[PDB]
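**Q** Fold the following for me, if possible:
(2 chains, ligands or ions: 17)
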Protein chains: 2
Amino acid sequence: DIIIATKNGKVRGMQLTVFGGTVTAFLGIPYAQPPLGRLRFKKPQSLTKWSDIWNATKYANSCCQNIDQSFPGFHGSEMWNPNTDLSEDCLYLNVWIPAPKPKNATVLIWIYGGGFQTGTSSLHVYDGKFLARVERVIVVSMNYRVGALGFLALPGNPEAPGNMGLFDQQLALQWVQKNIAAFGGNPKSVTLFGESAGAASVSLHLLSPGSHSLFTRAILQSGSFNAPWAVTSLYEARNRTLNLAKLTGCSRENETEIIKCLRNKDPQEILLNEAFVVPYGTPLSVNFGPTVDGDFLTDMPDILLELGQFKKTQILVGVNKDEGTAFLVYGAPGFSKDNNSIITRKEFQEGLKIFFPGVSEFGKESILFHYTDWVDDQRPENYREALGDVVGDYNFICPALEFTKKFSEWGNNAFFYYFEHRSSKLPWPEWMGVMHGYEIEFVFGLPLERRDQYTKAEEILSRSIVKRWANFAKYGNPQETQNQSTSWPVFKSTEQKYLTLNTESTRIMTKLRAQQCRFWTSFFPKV
Amino acid sequence: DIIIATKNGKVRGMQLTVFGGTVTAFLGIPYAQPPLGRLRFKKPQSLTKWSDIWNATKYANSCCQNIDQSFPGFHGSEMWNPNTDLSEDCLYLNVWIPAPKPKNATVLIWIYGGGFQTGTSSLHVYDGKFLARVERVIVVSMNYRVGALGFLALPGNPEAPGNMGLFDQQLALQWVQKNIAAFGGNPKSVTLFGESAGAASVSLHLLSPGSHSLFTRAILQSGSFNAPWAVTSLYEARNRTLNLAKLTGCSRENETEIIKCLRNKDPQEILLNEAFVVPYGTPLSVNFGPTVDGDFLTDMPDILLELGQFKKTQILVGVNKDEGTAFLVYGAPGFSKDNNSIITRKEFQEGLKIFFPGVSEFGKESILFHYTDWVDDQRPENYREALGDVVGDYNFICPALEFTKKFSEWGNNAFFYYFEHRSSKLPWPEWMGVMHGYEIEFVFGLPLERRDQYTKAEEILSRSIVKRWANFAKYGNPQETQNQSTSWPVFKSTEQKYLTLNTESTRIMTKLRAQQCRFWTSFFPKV
Ligand SMILES: *[C@@H]1O[C@H](CO[C@@H]2O[C@@H](C)[C@@H](O)[C@@H](O)[C@@H]2O)[C@@H](O[C@@H]2O[C@H](CO)[C@@H](O)[C@H](O)[C@H]2NC(C)=O)[C@H](O)[C@H]1NC(C)=O
Ligand SMILES: *[C@@H]1O[C@H](CO[C@@H]2O[C@@H](C)[C@@H](O)[C@@H](O)[C@@H]2O)[C@@H](O[C@@H]2O[C@H](CO)[C@@H](O)[C@H](O)[C@H]2NC(C)=O)[C@H](O)[C@H]1NC(C)=O
Ligand SMILES: *[C@@H]1O[C@H](CO[C@H]2O[C@@H](C)[C@@H](O)[C@@H](O)[C@@H]2O)[C@@H](O[C@@H]2O[C@H](CO)[C@@H](O)[C@H](O)[C@H]2NC(C)=O)[C@H](O)[C@H]1NC(C)=O
Ligand SMILES: *[C@@H]1O[C@H](CO[C@H]2O[C@@H](C)[C@@H](O)[C@@H](O)[C@@H]2O)[C@@H](O[C@@H]2O[C@H](CO)[C@@H](O)[C@H](O)[C@H]2NC(C)=O)[C@H](O)[C@H]1NC(C)=O
Ligand SMILES: *[C@@H]1O[C@H](CO[C@@H]2O[C@@H](C)[C@@H](O)[C@@H](O)[C@@H]2O)[C@@H](O)[C@H](O)[C@H]1NC(C)=O
Ligand SMILES: *[C@@H]1O[C@H](CO[C@@H]2O[C@@H](C)[C@@H](O)[C@@H](O)[C@@H]2O)[C@@H](O)[C@H](O)[C@H]1NC(C)=O
Ligand SMILES: *[C@@H]1O[C@H](CO)[C@@H](O)[C@H](O)[C@H]1NC(C)=O
Ligand SMILES: *[C@@H]1O[C@H](CO)[C@@H](O)[C@H](O)[C@H]1NC(C)=O
Ligand SMILES: *[C@@H]1O[C@H](CO)[C@@H](O)[C@H](O)[C@H]1NC(C)=O
Ligand SMILES: *[C@@H]1O[C@H](CO)[C@@H](O)[C@H](O)[C@H]1NC(C)=O
Ligand SMILES: *[C@H]1O[C@H](CO)[C@@H](O)[C@H](O)[C@H]1NC(C)=O
Ligand SMILES: *[C@H]1O[C@H](CO)[C@@H](O)[C@H](O)[C@H]1NC(C)=O
Ligand SMILES: [Cl-]
Ligand SMILES: [Cl-]
Ligand SMILES: [F-]
Ligand SMILES: [F-]
Ligand code: NA
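**A** Residues are numbered from 1 along each chain as shown, chains lettered A, B, ... in the order given. Ligands and ions are numbered 1, 2, ... in the order given. Let me share the structure:
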């Protein structure tokens, strides 16, 4: 029986058998007042404290969210859907600790992705028990509000100020500062890690003065705030809040009255109308996302980054070889997970309309010109591959690289990876390659489980990744020092060295997507 | 009576009074066999030698060429038209020497512009008597063949090998090497200078192994071989030669027979058909220009420049503030030298069609996007100014800057100027500004003549320019060392310092047209 006394009460955890050893899991610890009734759309409020023992023995409710119903019965999409009941009562976190209890362990805090619209910490690919067992780190993950319930903004108004989901995260970081020593954790050694919107979130905690003293270091997998999907403008937010109001019968003259009306709606009515708050959307739409609220974010985050206004610490950042492919089957014509998706020039052009809904004709033409100078072959898969790269480069790779360049310019050590291994178990077709989201299982050590039918090369790759992430968290340096591994060099603005991650041979390379990112980064912000 | 014994015979010159002093002029010395009959389209042949005295007492015939008839009676255009009879018998040069005869004077050799289609050394703005008088340099200038008669190419065929006009120039440089000591000149101190196509020519002598030992240093005013108008492709040349053949009734199966037929045509029939050898032309058309002949030019000159295959010496290069404006009244809709030429967006778009006849729609749109981001005003002269800058930047400024960057990268001192003074006497309207061609009169010292109604500030500016050019020719360093002048810094690829030339204040500036040239240089060669 494992009982830990926290600041707000006692919690009971449970023992898990992992790799002939033991891990203690505390699943579903509350970290804030349930944001119900009048607390809907507000910043999370602190917890009241309890006598008796909270049983943290199962994963808690996931936050309200729409679900991916595109491919019922299909593991590739369904694996990302929530696996616990949905509820507004969802502000809970999970703690995995090694056994025996550690003395002063480094802490890894996971922040999930899902476009700020979806996600939960209870997914099987975020199970922190392997990391705890193998590296003797403590792993923490939290549920934070998503969609309108987490990000609705009527800027400056404390009834709906925006960024609530980010304040949920921040309050979980505070819980860790205050409570993790009780669990054998070192609050002075805390590394945030996250993927996609989780990685964007981690990058915003780097920018937020309120988050400064709540963590040590940061890991950004496939995401950063400067991605074009990551921050909603005040103009967009206002329009989208007002659209939601109109759609739910909540239009009012008085804005505080709008919010009052919205707090009376069933959460299901809110979810149902989220997709419609924009005239046109893309498979990458973030209808309700982070905004400049003058609280969590004091200024436009691009300005903050450019001018060095961020936490000075080490970062580990990376992307996957085929970031863009996953999104192509959610609306690009000619694409299907169930065939090789050879598309024509015309289909490619229609695809750009899907992903760049406007975007001038000139803008779309410039994309076409840059990405379809076939050298050369023809080569039926030309257009198919081009559209994937457009989407991955614009949305994930070039922003991650620009983030890393601009961050490192202020003197800190940054390390960049390019993940190029496709899971032997991937249920998506071969043409999709090394997909967005599919490094996560390697980071969390799932291929370390021999019962699981990953290859031996995958076990080795995962073990190596796990060691490098742990060494980054503990020591600020993502090396694997014992098995004559390639040294991961620091990424600097001149030279821009990065490390490739794959089963055959780890390589030091330079200037990832140099030509492509010159297009997106230097030219396309104008168009 | 002034008689000089040359390698090929005695020449008599004439005495000129200049600024209360004397200059000896030898106008119209032959330097090659007249390229008539069977010598038409061939490289120039050496001169036979003569007894008795050649009277070099007037300017010789100008080479056959079409004339600018756009504005009869108008000095601004007519000043560029030939002022001596046109003849195929035109291979003559001029020598001005100070009096008393110098002992070992530095030599400046002028190569005129005119798009390789027109020009003559006898123009009043190329009169070398002021330079000789004021700086005690020797000035030489030659007539070289222009148009088809100078540049017709059927590559590899000695009957019409291309580049004949460039070999004319080269043979005049040889004449100088062999003869200038007789006139008090130093063949080891020879500086080439030229403007527009003359400057492009100077840059090609830098690349030509045959010209290497024929000069010391080089000055490039408003031109360089990498300008888009400066070198004809082998494909274009062949098509244009064949088109000329078709147009003159000279189409044949045998190519040597084509040339034989062309040698029978009256030169007037050739001139008449030159404009038509291309389906569409621009006000900047160079129908018959330099080509890669494997003789004068051994490889594509861009490759030679990139890879450092050129004469290692100092260069002085520059451009005028409004290079592009002169061409706009030769076909852009809405433009007139006789009004302020306020054009609309649609007219601007039509203008691009005139100057970029194809050039995809995307290409033309990209130009529009880059040059019409009004910041901001509106501001009726927006489009008018934009089209001038497009034409000047693409055709003259960005190529001159890229030439200077690439040249200086191989270790030599380069000096770059930006000429921003508009002649008080300019007969063109004010909207045309600091025009192409209108620094030349300042270089040649015409404003030093007080009788001429230039301002006092212009006399001073000209005197300063003349000293800097002379110091560049004599010493490789374009300084004016005596009157507390701004030091002209070396232009280096990092930093890219240049000197502005104007009547108020000479400034050291950096990175001329940085944004515009990034567009033309990095992006537009693709489109
Ligand atoms: C801001 O919102 C307006 C209105 O959005 C419409 O009504 C909402 C309640 C919701 O149902 C949306 O899906 C509707 O589009 C947008 O105005 C629309 O713009 C499109 C242009 O693509 C136009 O064809 C529609 O007719 C407009 N609808 C109305 C009612 O005027 C507007 O585009 C949004 N502003 C943005 C995105 O900046
Ligand atoms: C190469 O030349 C051909 C033929 O040129 C035509 O005939 C010549 C004698 C002369 O009179 C030219 O002005 C004529 O254009 C070009 O073929 C023409 O191309 C245009 C496309 O703009 C087309 O509309 C015409 O019908 C074509 N004319 C013929 C007779 O076929 C061709 O464009 C040139 N190649 C180039 C510029 O690369
Ligand atoms: C790959 O499949 C796509 C997607 O749509 C199809 O999925 C197939 C697996 C099959 O079940 C089929 O019935 C289903 O429609 C194909 O694109 C479709 O092509 C048709 C032409 O008949 C269009 O009318 C559809 O709109 C279009 N769908 C989409 C979403 O664009 C695609 O042709 C196929 N590609 C191959 C075989 O290379
Ligand atoms: C400036 O003049 C141009 C050029 O053409 C005109 O020149 C004038 C000085 C005058 O002699 C006039 O008769 C002559 O046509 C004007 O552009 C012209 O505008 C007319 C509209 O009637 C068009 O039909 C012509 O095609 C067009 N010419 C060209 C070459 O494009 C221009 O409008 C005028 N601009 C002003 C006053 O701002
Ligand atoms: C736990 O260790 C603390 C020091 O942590 C280390 O130094 C900080 C600055 C970070 O770099 C972190 O990564 C390191 O692990 C001590 O202050 C603290 O007292 C320790 N607590 C114990 C032993 O109970
Ligand atoms: C003329 O002077 C010659 C040297 O010229 C100088 O050095 C060369 C290399 C160039 O740098 C040039 O600019 C200089 O002016 C002598 O070789 C030659 O003999 C002199 N001739 C005379 C005095 O009759
Ligand atoms: C928590 O679980 C333990 C089972 O060991 C039980 O004793 C206790 O009553 C539980 N508390 C609950 C369900 O509230
Ligand atoms: C390093 O090597 C050992 C022994 O060969 C192996 O068991 C382990 O998996 C490797 N460690 C890491 C961190 O990759
Ligand atoms: C050259 O000019 C002089 C005039 O001084 C004259 O003596 C001589 O005969 C002339 N030669 C000609 C015209 O061929
Ligand atoms: C320098 O100054 C003198 C005397 O003031 C003047 O006559 C001359 O024009 C100037 N020289 C140059 C080369 O500009
Ligand atoms: C609108 O008036 C109501 C009246 O109760 C009140 O909530 C508030 O003062 C007003 N709204 C705002 C946003 O100030
Ligand atoms: C074409 O034949 C003629 C026959 O006299 C001759 O000039 C030459 O050998 C041929 N042309 C070429 C270019 O070889
Ligand atoms: Cl098309
Ligand atoms: Cl338009
Ligand atoms: F590794
Ligand atoms: F000066
Ligand atoms: Na472009």
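**Q** Spell out which parts of chain A neighbour ligand 3.
**A** A:333, A:334, A:336, A:338, A:339, A:340, A:342 (C-beta under 6 Å from any ligand atom). (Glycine included, C-beta is placed from N, CA and C.)
**Q** Filter the residues you listed down to the buried ones.
**A** Buried subset of the residues of chain A next to ligand 3 (neighbour count, 16 or more other C-beta atoms under 10 Å in any protein chain shown): residue A:334.
**Q** Would you format the residues of chain A next to ligand 3 as a markdown table with secondary structure and distance to residue B:475 included?
**A** Formatted as a markdown table, the residues of chain A next to ligand 3 follow (DSSP: H, G, I helix; E, B strand; the rest coil; distance: C-beta to C-beta, whole Å):
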| residue | secondary structure | distance to residue B:475 |
| --- | --- | --- |
| A:333 | coil | 69 |
| A:334 | coil | 68 |
| A:336 | coil | 73 |
| A:338 | coil | 77 |
| A:339 | coil | 74 |
| A:340 | coil | 70 |
| A:342 | coil | 67 |
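**Q** and of the residues of chain A next to ligand 3, the nearest to ligand 12?
**A** Top of the list for closeness to ligand 12, among the residues of chain A next to ligand 3 and by C-beta to the nearest ligand atom, is residue A:342 at 49.3 Å.
**Q** For that closest one, which non-adjacent residue is spatially closest?
**A** Nearest residue to residue A:342, sequence neighbours excluded (C-beta to C-beta, 6 or more residues apart in numbering or on different chains): residue A:380, at 4.8 Å.
**Q** hang on, that neighbour is in a helix, isn't it?
**A** No. Assessed with DSSP: H, G, I helix; E, B strand; the rest coil, residue A:380 is coil; it does not lie in a helix.
**Q** for residue A:350, what are its contacts?
**A** By C-beta atoms under 8 Å, 6 or more residues apart in numbering or on different chains, the contact list for residue A:350 reads A:332, A:333, A:334.
**Q** any idea how far it lies from ligand 12?
**A** 53 Å (C-beta to the nearest ligand atom, to the nearest Å).
**Q** That residue sits in which helix or strand?
**A** Here residue A:350, judged by DSSP states H and E, is contained in helix A:345-355.
**Q** buried set for that helix?
**A** Neighbour counts over helix A:345-355 (16+ other C-beta under 10 Å) mark A:347, A:348, A:349, A:351, A:352, A:353, A:354, A:355 as buried.
**Q** Where does the stretch 1-150 of chain A get nearest to ligand 2, residue-wise?
**A** Closest contact between the stretch 1-150 of chain A and ligand 2, by C-beta to the nearest ligand atom, is at residue A:70 (49.6 Å).
**Q** right, and that residue touches residue A:76 too?
**A** No. Between residue A:70 and residue A:76 there is no contact under C-beta atoms under 8 Å: 9.9 Å.
**Q** The two: which is more packed in?
**A** For residue A:70 versus residue A:76, neighbours defined as other C-beta atoms under 10 Å in any protein chain shown are more numerous around residue A:76 (20 against 14).
**Q** residues contacting the more buried one?
**A** Residues near residue A:76 by C-beta under 8 Å, 6+ apart: A:337, A:426, A:427, A:428.
**Q** Return the members of those classed as buried.
**A** A:337, A:428.
**Q** Out of the contacts of residue A:76, which is nearest to ligand 3?
**A** Nearest to ligand 3, judged by C-beta to the nearest ligand atom, of those is residue A:337 at 8.4 Å.
**Q** in what helix or strand does the most centrally placed residue in chain A lie?
**A** Central residue of chain A (C-alpha atoms, centre = their mean): residue A:198, 2.3 Å from the mean position. Using DSSP H and E, residue A:198 sits in helix A:197-207.
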